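Next up, structure tokens for two forms of one chain, structure 1 and then structure 2.
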Structure 1
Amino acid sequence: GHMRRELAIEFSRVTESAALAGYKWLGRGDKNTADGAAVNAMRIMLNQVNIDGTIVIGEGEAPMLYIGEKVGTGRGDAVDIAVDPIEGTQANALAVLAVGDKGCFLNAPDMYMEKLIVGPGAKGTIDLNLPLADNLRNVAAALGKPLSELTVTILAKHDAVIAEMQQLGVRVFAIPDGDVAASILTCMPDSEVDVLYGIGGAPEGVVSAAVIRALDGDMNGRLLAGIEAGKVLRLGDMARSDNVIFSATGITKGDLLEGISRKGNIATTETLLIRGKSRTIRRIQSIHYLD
């Protein structure tokens, strides 16, 4: 092992660059252009860092940031990398990067995954081998509240989820954020989310698991068609190390970060930089001088 702590700011430059590369193209509505631009910038900046990095979750295999791609000067620590150069469902757009020790992310097939996520206030209360109705009661009691005051947060993406929550007699609130941001919102200190629930891609679930572990929340996943459809994945089965760093930079304004903001010829980025080994959260605002 192991990746060093000092590599944090270096990762924050990567998402700042992706965001700055993408934001105009995304502002013109040219979504494919934004993605290419964000991706390219992410690749260039990852290559200025002294790591021996491997993309393990990313753009597919994509001509760029593909699965198994090598990035970094190739010197220093061996690390695994997950990228999401433009996450979000447009507003609530973020550039996201996660780097950790080799083997830190579970390698899951592009399969569906049922996801139950909580923050630190309800850690250790969940277990997808139990009925969702029981899980929701356990979480409510851990947060010191009646089931009637619990709200299940879901993503806008859906209608079978709302019905299941109607059948369970629980409030539901749909938020406009993507997966990673919603997971992060859930585990931030003083979060207003009680529990987060959904069905989505398994790789994206492993990425959420990595940030939730970093922030000391909790998660289970159930793969839906080591090992197969049906098995319940604990947090530590998906996020396999505490030594991960997450960097997320705002492209447009969302519930978690400000978008890139200009004042005369100065552009300011806002990045959340989460260090799982020390369990810390920073907000970094960088100055960029415009043309």
Structure 2
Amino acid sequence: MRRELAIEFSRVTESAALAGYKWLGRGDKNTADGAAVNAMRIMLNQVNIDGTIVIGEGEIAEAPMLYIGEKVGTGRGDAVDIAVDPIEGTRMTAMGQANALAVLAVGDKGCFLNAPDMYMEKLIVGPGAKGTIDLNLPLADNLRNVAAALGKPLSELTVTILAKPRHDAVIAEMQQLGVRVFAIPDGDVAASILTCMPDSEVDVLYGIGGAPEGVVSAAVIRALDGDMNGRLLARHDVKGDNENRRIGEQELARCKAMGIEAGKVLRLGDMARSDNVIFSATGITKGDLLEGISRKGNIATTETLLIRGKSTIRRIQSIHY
């Protein structure tokens, strides 16, 4: 402990994944998510930590379970901060599609950036390009710098990015630069980790995705010794000026209340403040990062990726009876 808890945390994501898996292909993203949230909370509440949910399902008002500030754990052990994404890929789960997974990160008290559930522009790279990125520079400059750091031509650089209307221009810009663009339907947490996975052609993740998702990515990227910058963006500034403005202003007032500057570049250490992070993710369906659950009779299998910032990276293939 806390290294002794690594296995306990993997059981939490295995439970969440198996619970979400029950709703795979059932066309109900809310119910799938609720099942995974419930299973994750049940399991966390049997772990010997004094956990606070810092990234989660919503404020107490909108989220009955795993709400921001919720206390979880038996209360024995260390005060830790907890980031949960019980299903990354809820729509993908509802639709029986690839790349759904259950995600948890655990760190020292105060180790995760406290920021609103708003959008964040992200630029994420692996260890081979650590120190070569700066979101204050033009995208094309960053991409050139990263390719040079990795010792490959620009035309071979592979950038992953969410396939969303907000990204039309930048995707076209990158393709014109001659880079390879892997535009993904959802799931920038899992995709961010591919930057640190040698057998994935992905070199960089770039683009606007969920802020809490970006803070989880910062935690795991830090643990893997990659690099990331983020920049918080208000809703109307990413979707267009229309109730976006209303949502946007709540977000900016929240940034101030939490003492965060929106639109300012966040360095890796601004989002994940220490190396003492345990990250666990378990596949629901097969994706680029993890195998999916299988079931034959009364036996089910899961694969879990378990990463500890202090230290080896583990892939745990379990058979459950």
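Note that the rigid core is defined as the largest set of C-alphas that superpose within 1.5 Å between two forms. Residue numbering: structure 1 sequence, from 1.
A.B. asks: Taking the rigid core as reference, which of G103, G76, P176, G124 is displaced at the C-alpha by at least 2 Å between structures 1 and 2?
C.D. replies: Going through each option, the one that shifts is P176.
A.B. asks: With the core lined up, does the C-alpha of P189 move 2 Å or more between structures 1 and 2?
C.D. replies: It does shift by 2 Å or more.
A.B. asks: In Å, how far apart are the CA positions of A34 between structures 1 and 2 with the rigid core superposed?
C.D. replies: Value for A34 between structures 1 and 2: 1.1 Å of C-alpha shift.
A.B. asks: Core overlaid, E149 C-alpha shift between structures 1 and 2, how many Å?
C.D. replies: Taking the core as reference, the C-alpha of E149 is shifted 2.5 Å.
A.B. asks: Core overlaid, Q167 C-alpha shift between structures 1 and 2, how many Å?
C.D. replies: Reported C-alpha shift between structures 1 and 2: 5.5 Å at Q167.
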